[PDB]
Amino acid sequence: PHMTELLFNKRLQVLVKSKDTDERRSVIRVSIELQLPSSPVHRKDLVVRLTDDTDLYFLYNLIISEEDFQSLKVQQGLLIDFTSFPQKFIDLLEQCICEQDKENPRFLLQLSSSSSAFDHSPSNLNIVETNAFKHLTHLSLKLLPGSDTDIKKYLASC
């Protein structure tokens, strides 16, 4: 059946932006869980969910299976394996938290769609290190906007 372990649940400052809007700084709830996988031969899936305490219409989520992580690892050149990924992801988020209330945060969290804010499309969750020369992306995740089923299901657990 569907069981989950909660690894991380915090509200973070997030720079939300689309290909047409301006960078809005919002307080977003970032939830990270491990769930039993579809297949007994796989490790637990990582579940990332973003919500807004002031907007029940706002929902983004992503399920990262062991296999999904392999593609991620290759595409971004990650040097760890799936087993340590959740903690490293969390460690990065904690650095964003440590820096969020500073004049010029060295680390910040972005939610950026390459499309219009008017579009029901994927948004990239980016953990970015700020630099005078050029910003460095430590991790990029492709989050999907919640479907009608996902939102109903989520709200039904609230």
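From 1 onward, residues are counted along the sequence shown.
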| property | result |
| --- | --- |
| Per the entry, higher mean C-alpha B factor between 148-156 and 3-11 | 148-156 |
| Stretch with the greater mean C-alpha B-factor as recorded in the entry, comparing 129-137 against 28-36 | 129-137 |
| Selection from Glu66, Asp91, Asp101, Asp52 [criterion: highest C-alpha temperature factor in the record] | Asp101 |
| Residue of maximum C-alpha B factor among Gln110, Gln95, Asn61, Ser113, per deposited coordinates | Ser113 |
| For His120, the third of its chain into which the C-alpha B factor falls | highest |
| B-factor third for the C-alpha atom of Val41 within its chain | highest |
